[PDB]
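J.: Just dropping in an experimental structure and the matching sequence.
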Amino acid sequence: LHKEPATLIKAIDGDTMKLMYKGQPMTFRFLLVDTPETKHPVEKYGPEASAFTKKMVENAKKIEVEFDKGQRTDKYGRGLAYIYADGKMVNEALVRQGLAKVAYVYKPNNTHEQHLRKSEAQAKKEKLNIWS
Ligand SMILES: Cc1cn([C@H]2C[C@H](OP(=O)(O)O)[C@@H](COP(=O)(O)O)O2)c(=O)[nH]c1=O
Ligand SMILES: [Ca+2]
């Protein structure tokens, strides 16, 4: 895998955002996690996950996207990637806080699964947020 540059256009919610990628606006959806819904057609911690993500990416110097080794988009046309804000993976950061659960694990796009699962285990052992 490798990291590629992108530019933040707009934070959407905990696990989805608009980025400029190779000169084109796209929706990206984080691999391997699910944050609570803000706009369910509010779930608890939805607002908190959205705010955490928005702050992390809006404050960043540099945003990067890292595709996994399979599909790079979902059926909605969303980019599927690990997003990094100044070198810190946002997907992992949310899970470490108990603001996302590890979810949507679709092979072959599961390279960081164990990593995320170990963060989730710690967040649950610390009883944070979703696990409180
Ligand atoms: C994270 C992820 C979601 N999805 C699909 C599964 C879910 O489909 P359905 O909409 O049919 O349930 C939806 C969840 O995204 P959201 O969590 O943004 O709604 O996106 C993928 O296909 N690949 C992925 O890697
Ligand atoms: Ca979600």
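T.: Great, that's in hand. Numbers count the residues shown, from 1 in each chain. Ligands and ions are numbered 1, 2, ... in the order given.
J.: Count the residues that sit near the residue lying closest to residue 123 once chain neighbours are set aside.
T.: Closest residue to residue 123 apart from its sequence neighbours, by CB to CB, 6 or more residues apart in numbering: residue 98 at 4.0 Å. (C-beta placed from N, C-alpha, C; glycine too.) Applying other CB atoms under 10 Å, we find 22 residues neighbouring residue 98.
J.: buried stuff in stretch 31-49?
T.: The neighbour-count check on stretch 31-49 (16 or more other CB atoms under 10 Å) flags 31, 32, 33, 34, 35, 36, 38, 45, 46, 48, 49 as buried.
J.: And stretch 115-126, by the same measure?
T.: Neighbour counts over stretch 115-126 (16+ other CB under 10 Å) mark 115, 116, 119, 120, 123 as buried.
J.: Now render these as TSV, adding distance to residue 83 and secondary structure.
T.: As requested, the buried residues of stretch 115-126 are exported to TSV (distance: CB to CB, whole Å; DSSP: H, G, I helix; E, B strand; the rest coil):
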residue	distance to residue 83	secondary structure
115	14	helix
116	13	helix
119	15	helix
120	17	helix
123	19	helix
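J.: Show me which of those residues is closest to ligand 1.
T.: For the buried residues of stretch 115-126, the closest approach to ligand 1 (CB to the nearest ligand atom) belongs to residue 116, at 12.1 Å.
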